[PDB]
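Quick heads-up: it's one chain on its own, the form deposited in one PDB entry, in structure tokens.
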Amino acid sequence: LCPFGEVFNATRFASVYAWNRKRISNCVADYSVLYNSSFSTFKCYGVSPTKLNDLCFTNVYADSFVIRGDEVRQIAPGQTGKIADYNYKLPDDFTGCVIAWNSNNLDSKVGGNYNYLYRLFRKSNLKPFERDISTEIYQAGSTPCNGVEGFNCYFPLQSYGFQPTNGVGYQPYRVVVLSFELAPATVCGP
């Protein structure tokens, strides 16, 4: 069977700016075993979770990261916001599934979990499935920064600082995005 467990059950998830991709190949996938086993979000575009078990694809990608609850809505075709624009962008014609669950009991800490970051500053929007891991000081003026933070010179990433007492819109959510591409078709339902 396809190794979804390694994705969904990873101990640690990536920061959304540095989102992880697992390329799935040459295996059989029960996507109905997923679509009940427990998820606050399970939205499919251009496919149904039921119909996936009688379909074959060249490859499947499993993208995974953490964002805050109120940002899960940006993980959909046609959205704008700091997450869709600067961190993780789905194409308008997306074919796949967005799956999310509250991870407050795994990813929040007393005093703040500062390990999860997002890109706040960027001069232009990401292309679909673009990953920007630049740490370059953001030049907000005409004066070059020369790697030093100061006036008009900003670290481009910010921390969520997840705390267990946060309201649910500010709690961490683990997200997995399944993308299906159509060479010989190597990933099939049973």
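In this text, residue numbers run from 1 along the sequence as written. If you superpose the two forms and keep the largest set of C-alpha atoms that fall within 1.5 Å, you have the rigid core.
Deposited sequence between residue 143 and residue 144: no residues lack coordinates (chain continuous). In the deposited sequence, the stretch from residue 182 to residue 183 hides 1 to 3 residues that have no coordinates. As recorded in the PDB entry, 89-97 is the stretch of 89-97 and 115-123 with the greater mean C-alpha temperature factor. Stretches 38-46 and 153-161 differ in mean C-alpha B factor, with the higher average recorded for 38-46.
For the set 67, 133, 29, 62, the PDB entry assigns the largest Cα B-factor to 29. Residue 168 sits in the middle third of its chain by CA B factor, as recorded in the PDB entry. Ranked against the other modelled residues of its chain, the C-alpha B-factor of residue 21 as given in the entry falls in the middle third. When the modelled residues of the chain are ordered by their C-alpha B factor, residue 57 lands in the highest third.
Omitted from view is the form deposited in another entry, to which the following refers.
After superposition on the rigid core, the C-alpha displacement between the shown form and the other one reaches 2 Å or more for just one residue among 150, 46, 164, 128, namely 150.
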